[PDB]
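There are 2 protein chains.
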Amino acid sequence: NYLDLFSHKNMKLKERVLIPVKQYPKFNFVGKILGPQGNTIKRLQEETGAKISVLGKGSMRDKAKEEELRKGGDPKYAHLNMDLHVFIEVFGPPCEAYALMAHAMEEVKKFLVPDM
Amino acid sequence: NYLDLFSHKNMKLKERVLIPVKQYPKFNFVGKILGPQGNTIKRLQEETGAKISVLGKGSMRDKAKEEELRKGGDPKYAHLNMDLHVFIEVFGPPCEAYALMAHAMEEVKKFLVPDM
Ligand SMILES: [Cl-]
Ligand SMILES: [Cl-]
Ligand SMILES: [Cl-]
Ligand SMILES: [Cl-]
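Order-wise, the sequence lines are chains AAA and AAA'. A prime marks a further copy of an entry chain. Counting from 144, one number per residue, gives the positions in the first sequence under the entry's author numbering. Counting from 144, one number per residue, gives the positions in the second sequence under the entry's author numbering.
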């Protein structure tokens with residue numbers, strides 16, 4: 144496909160960014176990213192223009208609930224077998240979509256490489 | 144696939160950005176982008192870290208040579224039937240690849256939306 148700088152249709156970008164638990168074994172990535180109340184990831188989404196979701200084994204921080212929901216077989220909880228990760232989905236005008244996503248990646252990198 | 148911020152393999156991004164000739168009917172996009180001698184696109188590549196190539200109908204600015212080369216059937220000149228466009232190819236570390244590409248898109252947008 145072509146990227147048309149003058150187009151009205153928005154193009155999507157999606158990345159599933161692993162959460163580097165092995166590199167930061169004691170770091171509560173999930174707590175940090177979500178926030179009290181889910182407020183952080185709310186602000187994070189508001190600020191970046193992007194849809195950001197923590198998904199995968201670990202995301203609920205409740206081995207029990209996760210087992211139960213995975214086992215229940217509901218497809219919304221399907222993500223629970225994936226590696227813990229952050230799912231960034233921008234949907235924006237072609238001229239701005241890489242800027243959006245790079246922004247979003249920058250912001251997310253702030254939590255995922257937190258000492259850097 | 145997953146984006147792993149700590150990975151050694153570089154991920155590729157590629158976009159074929161149309162050159163907006165209809166929006167700028169008298170603007171010598173090809174001249175501007177390439178430069179005397181191909182020097183501009185050389186500097187442009189050096190600066191952005193990316194592989195940038197002008198391709199498609201128009202790219203050689205020589206309807207003759209283009210006809211001949213297309214007709215010759217050599218597959219290197221295959222691009223000559225495509226819409227005139229700029230082919231941006233970054234190949235960089237996952238943590239930096241969207242930044243690279245966004246950079247490259249910014250720089251290219253400078254020529255392709257030249258009044259903006
Ligand atoms: Cl440790
Ligand atoms: Cl965690
Ligand atoms: Cl005109
Ligand atoms: Cl032109």
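Ideal Cβ positions, reconstructed from N, Cα and C, are used throughout, including at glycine.
Ligand 1 heavy atom lying under 7 Å from the CB of residue i
{"i": "AAA:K165", "result": "no"}
{"i": "residue 134 of chain AAA", "result": "The shown model of chain AAA, from 144 to 259, leaves out residue 134 of chain AAA, and the question about it has no answer."}
For residue j and residue i, the rounded distance between their alpha carbons
{"i": "AAA':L161", "j": "AAA:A240", "result": "15 Å"}
{"i": "AAA':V233", "j": "AAA':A242", "result": "10 Å"}
{"i": "AAA:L227", "j": "AAA':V164", "result": "45 Å"}
{"i": "AAA:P257", "j": "AAA:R186", "result": "18 Å"}
{"i": "AAA':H246", "j": "AAA:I176", "result": "26 Å"}
{"i": "AAA':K208", "j": "AAA':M248", "result": "29 Å"}
{"i": "AAA:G235", "j": "AAA:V173", "result": "27 Å"}
{"i": "AAA':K214", "j": "AAA':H222", "result": "12 Å"}
{"i": "AAA:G216", "j": "AAA:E190", "result": "34 Å"}
{"i": "AAA:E211", "j": "AAA:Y220", "result": "10 Å"}
{"i": "AAA':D147", "j": "AAA':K155", "result": "14 Å"}
{"i": "AAA':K169", "j": "AAA:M244", "result": "33 Å"}
{"i": "AAA':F254", "j": "AAA:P179", "result": "45 Å"}
{"i": "AAA':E158", "j": "AAA:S150", "result": "15 Å"}
{"i": "AAA':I231", "j": "AAA':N153", "result": "16 Å"}
{"i": "AAA:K206", "j": "AAA:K194", "result": "25 Å"}
{"i": "AAA':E250", "j": "AAA':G199", "result": "20 Å"}
{"i": "AAA':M259", "j": "AAA:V197", "result": "37 Å"}
beta-carbon residue i near ligand 4 non-hydrogen atom, thresh 7 Å
{"i": "AAA':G201", "result": "yes"}
Candidates the options, of which the one nearest residue i by Cα
{"i": "AAA':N144", "options": "AAA':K253, AAA':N182, AAA':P237, AAA':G201", "result": "AAA':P237"}
{"i": "AAA':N224", "options": "AAA':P168, AAA':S202, AAA':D147", "result": "AAA':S202"}
Contact set between the region 155 to 176 of chain AAA' and chain AAA, restricted to residues whose Cβ is under 7 Å from the partner: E158, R159, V160, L161, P163, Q166
Residues whose Cβ lies closer than 5 Å to any heavy atom of ligand 5, in chain order: As for ligand 5, it is missing from this structure, which binds only ligand 1, ligand 2, ligand 3 and ligand 4.
Report the residues of the region 206 to 220 of chain AAA' with a CB closer than 9 Å to any CB of chain AAA, ordered along the chain. none
Listed in chain order, which residues of the region 188 to 207 of chain AAA have Cβ atoms closer than 8 Å to some Cβ of chain AAA'? none
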